K.L.:
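The structure is given below, and queries will be raised subsequently.
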Amino acid sequence: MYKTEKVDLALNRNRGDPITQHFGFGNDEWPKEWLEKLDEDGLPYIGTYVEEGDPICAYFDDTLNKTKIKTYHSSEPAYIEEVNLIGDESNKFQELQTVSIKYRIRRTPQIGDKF
Amino acid sequence: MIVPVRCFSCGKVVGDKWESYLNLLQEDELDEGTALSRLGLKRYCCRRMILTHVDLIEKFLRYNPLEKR
Amino acid sequence: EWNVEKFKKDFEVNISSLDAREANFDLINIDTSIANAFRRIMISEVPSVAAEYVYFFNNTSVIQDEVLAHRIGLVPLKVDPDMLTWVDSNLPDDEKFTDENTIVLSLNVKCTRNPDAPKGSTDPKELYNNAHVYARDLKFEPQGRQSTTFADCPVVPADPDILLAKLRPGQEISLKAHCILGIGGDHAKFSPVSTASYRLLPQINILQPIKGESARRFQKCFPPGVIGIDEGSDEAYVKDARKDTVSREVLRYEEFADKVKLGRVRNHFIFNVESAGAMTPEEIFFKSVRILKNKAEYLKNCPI
Amino acid sequence: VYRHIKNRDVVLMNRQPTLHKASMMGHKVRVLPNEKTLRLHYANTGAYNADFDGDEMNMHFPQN
Amino acid sequence: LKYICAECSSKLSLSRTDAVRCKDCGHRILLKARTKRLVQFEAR
Amino acid sequence: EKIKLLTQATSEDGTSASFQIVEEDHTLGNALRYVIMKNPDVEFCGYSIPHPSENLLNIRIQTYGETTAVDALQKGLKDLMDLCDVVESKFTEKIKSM
RNA sequence: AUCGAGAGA
Ligand SMILES: [Zn+2]
Ligand SMILES: [Zn+2]
């Protein structure tokens, strides 16, 4: 089973306002425990195993001056299939704001599912 | 997709026979029954695994993101 | 009455064939409850070695990591199960695997295009390098003291030409599988037999004599080698009932429905043990019988 | 002590639509070792109008 | 080189405050690459 | 440990008893049942697995007297070991001969 | 939160 979500970081800002959050880590005292799932650019490694409550993305917020992470919100664990970096089509060269993260779910046939 | 290494029903290893089956079909004008017999697949449970394999990995492999196309 | 002495007096074994993979032997005058115990132990109680834990380091191929690890686990190995002990799962993984219970394989194959490919060619072995990954590429890495114990016997798959994966240029697989002892009741990848079953000896009871043109078709209702014709009188008789698989083709004909009954010899079993490759079928049967005996002995010595 | 639901505890089952009171009974709890399906005897199929081709039913746990 | 272009499949590394685009061509979609990290499994 | 006596189904004199064995199945159950039914003194013997998903086996033995269900169980286990030994010996001899 | 498509018994 393949699941895809759009981690759109540019959903709070609107109409040319300055970039609020940047993918990555800040200089604050963020815990080092969540580096096992996130690459140095705040994005998840390909093929890593994520469960409930572990990081999916990491962005530093200037309106908060603190690094905030997202979280895999699903009871069923999955593996990171692919991470797509999408850049906006505008002629200006902005930062990274939209990243697509796909999950892979192992649907081993168990008791209860229909054949 | 890719040839199953072991037969489901019994467990006889049929994963090492897909390429030889294709060779027996291609080079010699052997039909599927004779080719399966010569490969050593006796039980129809073993015969179906190689007779009905689709080998979709060949079609999956043409979408290579690590190569200039 | 019944006694072990009487069973010994009435018990016989008729080994019909014996190869490095398949053994066909008979158990004569034994109980179904014991033959079935032997069959079940052969199928799902004899230990074997197969890949259990896989440590991927990179897999940029079409095959997903879990499918690749499962397919690696399904490969049979030419390893004698007696050369390593059982893993104590209670221990942490730091020292759970030791030099005497785990065999560490490895796979490092990287596909690149072949610049010398002939024009108009479609064969992946000429177009690409390492286009096909085979089980023979599972390189055995000796660890600790086992570099001396496995010196004479290398750890190679029973089938080395198993197609584990396919690749295209730029794609690489780099893993390291650990294979340990396990039984076929835990996972089907551990069962040391392809199939290990039995069957009752068929019985073909000819009631009324069949002679002439009728005996011609009566013979054809069976496999050719079972029913024969007596030289003196043109009768019909059972030459070899082992060569018969019960298809009851006779009972389809009203001509022979009233002249023969089909049955079995309820204490004559025809075993057929095909091994996956790790050990010989005769040793598999030996180990199944010894497992049943040791199970009974352990139960006896257990304090009730 | 908010202890788990043992074998002695009693549970109430229900399969919608609850067309009569027989479609909601109080069963005895038997904690099985395999997960993710409610095991029901064949006697209750007529009572619940239940089936085993994808049917599902609720399990209410009384607290006093 | 942690990223791969989605049209010309050329490895490229992005620094901070940098354009999210390929350099050899002008594609705006970048695929993340898979590095060498241990991913334990079970051969089940 | 592994073998368990179900005291709530055992006769006071020991003539009848019920046993629970963990990590066992039809394999040992049927063999033990067959080898115990050969005892001339046992009146009732049978095996039952309460639930398939659990690894528990139940053995019921009822002797006619002068013995015990435990003694019948021990005799059955010994006779099963002897049967396994004789079949192994005959198979070894046939393997050598061929 | 609302209205549209669909699915299970
Ligand atoms: Zn088969
Ligand atoms: Zn590009």
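Lettering of chains follows the sequences in order, A, B, ..., and the numbering in each one begins at 1.
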K.L.:
Please identify each residue that fulfils side-chain hydrogen bond (donor to acceptor under 3.5 Å, both in side chains) with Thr17(E), with sequence neighbours left out.
P.N.:
none
K.L.:
Applying side-chain hydrogen bond (donor to acceptor under 3.5 Å, both in side chains), can you list everything that pairs with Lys102(A), at least two apart in sequence or on another chain?
P.N.:
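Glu82(A).
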K.L.:
Would you please name every residue forming a side-chain hydrogen bond (donor to acceptor under 3.5 Å, both in side chains) with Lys92(A), sequence neighbours left out?
P.N.:
none
K.L.:
Each nucleotide N or O in nucleotides 7-9 of chain G that has a protein N or O under 3.5 Å away: list the pair and distance.
P.N.:
unit_1	atom_1	unit_2	atom_2	d
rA9(G)	OP1	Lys114(A)	NZ	3.2
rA9(G)	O3'	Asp55(D)	OD1	3.2
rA9(G)	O2'	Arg15(D)	NH2	2.5
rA9(G)	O2'	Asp55(D)	OD1	3.4
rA9(G)	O2'	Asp55(D)	OD2	2.4

K.L.:
Name all residues meeting the side chain to side chain contact (heavy atoms under 4.5 Å, CB included) criterion together with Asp28(A); count only those two or more places apart in sequence or in a different chain, and write none if there are none.
P.N.:
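If we apply the side chain to side chain contact (heavy atoms under 4.5 Å, CB included) test to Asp28(A), skipping adjacent residues, the hits are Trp30(A), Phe60(A), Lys66(A), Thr67(A).
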K.L.:
Could you tell me which residues satisfy side-chain hydrogen bond (donor to acceptor under 3.5 Å, both in side chains) with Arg104(A), sequence neighbours excluded, listed by chain and number?
P.N.:
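Testing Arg104(A) for side-chain hydrogen bond (donor to acceptor under 3.5 Å, both in side chains), a comparison that skips the adjacent residues, returns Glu81(A), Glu66(C).
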